[PDB]
Each structure stands twice: as C-alpha cells, then as structure tokens.
Amino acid sequence: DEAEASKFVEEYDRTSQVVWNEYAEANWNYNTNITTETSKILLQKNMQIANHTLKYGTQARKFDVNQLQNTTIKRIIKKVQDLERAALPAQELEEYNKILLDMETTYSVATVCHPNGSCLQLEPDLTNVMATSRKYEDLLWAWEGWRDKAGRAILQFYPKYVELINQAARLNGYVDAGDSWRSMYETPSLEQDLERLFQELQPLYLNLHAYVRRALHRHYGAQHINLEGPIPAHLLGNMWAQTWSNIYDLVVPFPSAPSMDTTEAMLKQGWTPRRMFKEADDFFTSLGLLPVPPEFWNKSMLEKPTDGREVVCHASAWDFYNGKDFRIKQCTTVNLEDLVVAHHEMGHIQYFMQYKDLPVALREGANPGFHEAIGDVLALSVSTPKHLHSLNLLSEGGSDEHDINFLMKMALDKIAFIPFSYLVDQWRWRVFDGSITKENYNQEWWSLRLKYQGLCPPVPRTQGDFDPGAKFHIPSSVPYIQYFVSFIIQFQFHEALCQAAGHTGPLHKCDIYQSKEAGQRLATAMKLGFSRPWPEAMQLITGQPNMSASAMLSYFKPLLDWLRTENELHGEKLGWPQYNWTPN
Ligand SMILES: *[C@@H]1O[C@H](CO)[C@@H](O[C@@H]2O[C@H](CO)[C@@H](O[C@@H]3O[C@H](CO)[C@@H](O)[C@H](O)[C@@H]3O)[C@H](O)[C@H]2NC(C)=O)[C@H](O)[C@H]1NC(C)=O
Ligand SMILES: [Cl-]
Ligand SMILES: [Zn+2]
C-alpha cells in the first residue's frame, strides 16, 4: 500500500547516495585523466551502477503510481521505473558503454596538424584561431581540419549508438530516445511551444544576420559574400558559429565609441582562472545565496593540466551526491568569454547546493533549461558596462553610441545562439525517430543549418563527412534543447529579478548585484529541485507560469529599432532568398 511505497523510496534514496557517489568519482578520474586504467575502472563501475538501477527499477515497476495518493512518492517511483541504459541486456549494455567511451575519447584526443609542424588541439589552439584570425584560408584550415579529424572519426560509432540508445528507450516505455529526452520537460506541447518561441525571435535574428553579412561583405570581399544568400559557416569567430561575439571588431555599430580590450585588461591586471571563480562566488553570496565549500577549491580542476595528460576540456559542473562534494572541471582561459562560462558553471553548483536535502531522485532542475539558466542570469548583470568598469575591465558609459555597441555585443552572443540551440536537437530528434538515416546524416544537418541559421558550408561536404560529430554534445550524448530553453527563460528571470530589485528604465542597463530580494526568488525556486512541475518554479521567479520571449524582445528592443533603420538604408534583404548559394 502507501506505507510500502514510502519505505521503498527511503531505501532507494539511501543506497543511491552510496552508489551514485562511487560512480561520480570513477567518472571524475577518467574525465580529468584519460588513460586505459581509468577507462577500465569506469566501465566496471558502469555495471555496478546498472546492477543497482536494475534492482530498484524492477521493484519500482511493481507499484501503481497513479493508484498512490501522495504525489511526491508517486513522482519518485515513476522516475525510478525508468532504467535508462540499464534496461539493455548484458551484452548490449557493455557494447553501449564502450561505444560511449570510444566516442568521448576520440573527440577529446583529436588533433589537427601541419604537415611537418605543430599539432593543435581544439582548446585553446583552434578556438583561438577561429576567434582571432581574419584570413579566409586560415579560418578554413581550422574549420575543415577539425571536421576532418573529429567529425569523420565519430561516424563509425554513431549508427550503432543510435540503435542502442533507441533500444533502451523502447524498453523503458518510449518510442525512441528523442521521445525519452523530451519527456524531461513534462510538457505535452513542448515542440509547438518551442517553434512559437523561435518564430518570435525571427525579426531580431534576420536583422542581425543581414547586418553581419553586410560587414563580412565589407571585410572579406564581394566575391566571397552573397548579400542575398547564406553566410559561410567559418567566419563568425566560433568553431560552430553558435556565438558571433568574437567578430565584434568587424561589426561595431559605432567605431568612434571603442571599448577596452577586455583580455588585455584581464591579463595585465593579473587575472587567474582561480580569481574568475572567486568573483563568481562573490556575486552569488552578494545575493544572499550559498558560498561554495572549502572542498570545492581543493578538488576542482579550474585550468588545463600542465602534466601533458589527456582531459575532457569541455566545461562541466559535478554533483557527487554527498551533500558536501561539488566540483567544476574546466580548461579555463583568461578572457571575458570564459568569465561568463565560469558564472554559468557556478550557477550549476548553486543549484546542487540549494536542493541537496531532497531525495536524490528529485535532485535536478525544475527542468533542464532552468539548470542552465541560473549562472547565465547573474552573468547578464556581470556583462553590463557599469559592472565591467567596476571590475576595471571597461572604461563604455552614459552614451547612446556606447549603448548600441553593448547591445550589439550582447546580441552576437545571445540572439545568434537561438537558431543554433534550436537546430541541434531538431536534427537529433529526427535521427532518433528514423526520419534521418546514416545515408543522410550530414545533408540533413546542413539543410537545417541553412533553414534555421542561414549558414552554408565554405567547402562542399563529401561522403564520409559527419560534421555533427565535431560538436561536443553529439559524441558525448548530452541533450542540447536546454540551451534554447535557457536563453529564452534567462531573460524572463532577469526581467523579474530586476523589478524585484527596484530597477526602472531599460532592462539592459539593469545590474542585480547585491539584491537580496532577487536572491530570495532564485533560492525558493531552486529548493524545489525536481519535486514539482516546472511552471511552479517559473511562477515563483517571474509571477507567471509560461515560457515567453517578451523579456528577450524587450531587452533588445532598442537594438531592433536601430537594426531596422540600418538595414533599411543599405537596402538589405531579410533572410536568404538565394538559399542554394554556396562559395565559388
Ligand atoms: C508526501 O510525502 C512527502 C515526503 O515524505 C511529504 O513532504 C515532506 O513534508 C514535510 C512537512 O510535512 C517536510 O518537512 C519540512 O522541511 C524541513 C525538513 O528538512 C523543515 O525545515 C520544515 O520545518 C518541515 O518540517 C519535508 O521536507 C517534505 N519532504 C519532501 C521530500 O518534500 C509530504 O508532506 C507528503 N504529502 C502529504 C499531502 O501528506
Ligand atoms: Cl558544422
Ligand atoms: Zn550548463
């Protein structure tokens, strides 16, 4: 009856803490020390956690969740009824676990080399090339090289991966893996809600796109930019053209109003990766939110190791299910882009700390988008010229020209990301549901790159190419839609918190630093964890239960008016009517 259900939940929680804590550190040691020994221990602990998941997941399935009164106990048991990979027969499970490891390792050790010269890693080398080089062929070298070495090498593993992850999904009651991933949001209208939100950001994105295309035309020449076509994917300062902020020097709306070199400022003033996290820690505590434990500073990998060992460099935050042990793993470079990233990862850590008293099953964000959005919200305030100047990193100010410059800087990071973050799982959901087969992987990737982002490949794609594999989340099997949700909702959070802090006038000038009223709304929402449906947490922060693009539109409203006037006087076509155009 009801007593057996709550007894089971107690027992699940006690044993999960112990086994999840042990899997986490085995996983940590591989991620921070990629060897054969650490690989083998991880694969052994994989079967141990599966053994636990199988045991309690089988017991969970004997209960009737909707025939149980307490909804909190109902919520936990339903979740435990999902075995994930542990639903696969023993042979399939080890094959799947090996495939995952082999995709992750291949991506992380991939290098692009000159014939008789240096071998370059993605971070920081190729990253730096995409950010700083302004030569078409040198950008092309890194862009094509990374796809030849990382993307092409992932292709051999992917079809089998898709089969095994879909098999696990079906055995847990889903139709495919995409269906399983979407279920995390507990929102029947998810796909429609997301498309509506994407459509609302069209006026802003098409105008940014057109403006940037014009500036690329000016710099890279008329023979390489079609003013009515898609932009070549290697020219936006980022390996995946997901954020366009590194090409700010090519697009600055008012060159007469220049801003400080932030990296030069950081490096000169002796900014260390450690200081960047200390400053993020300060922002959280200023809001009355929890500080990171002394253990965090002892066990975290806050920069790339010098011992010449292989690591997973991608930035991640870690919960060890201790209630005491939380870590960040990041190959941090001393610049503004990574300062934003440091806050984002610290946002994860705060979330871990805020819901640490809940049963481990409920230890997750309201939805995965919420988990991503926390650090980004605070970072929106750090990014203001007024806050950056107070860190001695800028000098921008009370001026209309500097104001439009800042909004362009923010838009190249925030608006540009919208179509990309949307695109990734659109391709992926259709791969899981069978709409896209291995014969059309890459072609359907680029149809969507064209359709949503208005980008084209600088070099025509050949057989054997698998460019999705050259993006971290693909071989690592981490979903991507949260980042889309995060970017919409983080402005909703920013708007509400700014109001709660008593700030008036344009939204983009708001800095919530030290606001205890804003901290309170965040804390109460974060404490809920995964115990309640997400619209409850949305309500707690914003005073309303919906996802909405209004906050983002309002934030960038001054920029949209400026972009419309600017694109109008140059006679720009919005979009890419000549959609079949590729470089000669
Ligand atoms: C359904 O079962 C759940 C879980 O057993 C019940 O939720 C629990 O309710 C108690 C209060 O009735 C919560 O305790 C409170 O929180 C802290 C303790 O850490 C304390 O500072 C407060 O003063 C208060 O005692 C407890 O946290 C909460 N547990 C969870 C996991 O949410 C719930 O009451 C049951 N529902 C019904 C309708 O009976
Ligand atoms: Cl690509
Ligand atoms: Zn994140």
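Position 1 is the first residue of the sequence; numbering continues from there. Computed over heavy atoms, backbone and side chain alike; hydrogens, waters and symmetry mates excluded.
The aromatic rings of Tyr158 and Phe466 are tilted relative to each other, their planes meeting at an angle between 30° and 60°. A tilted orientation is assigned to the rings of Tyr351 and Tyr355, their planes being inclined by 30° to 60°. Between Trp318 and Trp28, the ring-plane angle classifies as perpendicular under the 30° and 60° cut-offs.
Take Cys456 and apply the disulfide (SG to SG under 2.5 Å) test, not counting sequence neighbours, and it matches no residue. Shown here are the side-chain hydrogen bond (donor to acceptor under 3.5 Å, both in side chains) partners of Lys79, two or more places apart in sequence or in another chain: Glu364. With sequence neighbours excluded, the residues satisfying side chain to side chain contact (heavy atoms under 4.5 Å, CB included) with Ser435 are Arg430, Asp433. With sequence neighbours excluded, the residues that form a side chain to side chain contact (heavy atoms under 4.5 Å, CB included) with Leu388 are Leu336, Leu393, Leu394. The side-chain hydrogen bond (donor to acceptor under 3.5 Å, both in side chains) test applied to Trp244 returns no partner, not counting sequence neighbours. Taking the ring pair (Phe, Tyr, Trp, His ring centres under 6.0 Å) definition, one finds that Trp146 meets it with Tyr107, sequence neighbours left out. Under the rule for a side-chain hydrogen bond (donor to acceptor under 3.5 Å, both in side chains), the partners of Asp325 that lie at least two apart in sequence or sit in another chain are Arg327. Contacts of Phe487 classified as ring pair (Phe, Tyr, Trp, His ring centres under 6.0 Å), with partners at least two apart in sequence or in another chain: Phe417. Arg61 pairs by the side chain to side chain contact (heavy atoms under 4.5 Å, CB included) definition with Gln81, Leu83, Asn172, not counting sequence neighbours. Partners of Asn31 by side-chain hydrogen bond (donor to acceptor under 3.5 Å, both in side chains), not counting sequence neighbours, listed by chain and number: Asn27.
In this structure, the ring of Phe326 has its center no less than 6.0 angstrom from the ring center of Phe320. A centroid separation of less than 6.0 Å is found between the aromatic rings of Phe432 and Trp181. For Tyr23 and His52, the ring centers sit 6.0 Å or farther from each other.
Among pairs with a residue in residues 271-283, those fulfilling side chain to side chain donor-acceptor pair (under 3.5 Å) read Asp282-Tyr513, at least two apart in sequence or across chains. For residues 75-96, there are no ring pair (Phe, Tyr, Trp, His ring centres under 6.0 Å) pairs, not counting sequence neighbours.
From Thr333, atom OG1 reaches atom CE of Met266 across 10.0 Å, with rounding to the nearest 0.5 Å. Considering OG1 of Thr127 and CE of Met239, their distance stands at 6.5 Å, rounded to 0.5 Å.
Screening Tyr480, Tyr483, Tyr452 for a ring-ring contact (aromatic ring centres under 6.0 Å, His included) with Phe420, the sole residue that qualifies is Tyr480.
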Going through the checks in order, is the side chain to side chain donor-acceptor pair (under 3.5 Å) test met by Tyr174 and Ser183? CA-CA 9 Å; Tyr174 294 96; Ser183 82; 2.9 Å; yes
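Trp427 approaches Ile436 most closely through the heavy-atom pair O-CD1, 3.7 Å.
Residues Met130 and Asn246 have side chains not in contact (no heavy-atom distance under 4.5 Å, counting atoms from C-beta outward).
The pair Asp465-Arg461 counts as a salt bridge, with a side-chain nitrogen and a carboxylate oxygen less than 4.0 angstrom apart. Look at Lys160 and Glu163 and you find a salt bridge, because one of the NZ, NE, NH1 or NH2 atoms lies within 4.0 Å of a carboxylate O, short of that distance. Salt bridge absent: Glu94 and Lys98 never bring a charged side-chain N and a carboxylate O closer than 4.0 Å.
Taking the ring centre of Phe530 as origin, the terminal cationic atom of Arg75 falls inside the region bounded by 6.0 Å and 45° from the ring axis.
Side chains of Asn442 and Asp467: a donor-acceptor N/O pair is present below 3.5 angstrom, by distance only. A donor-acceptor contact closer than 3.5 angstrom links the side chains of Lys414 and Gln490.
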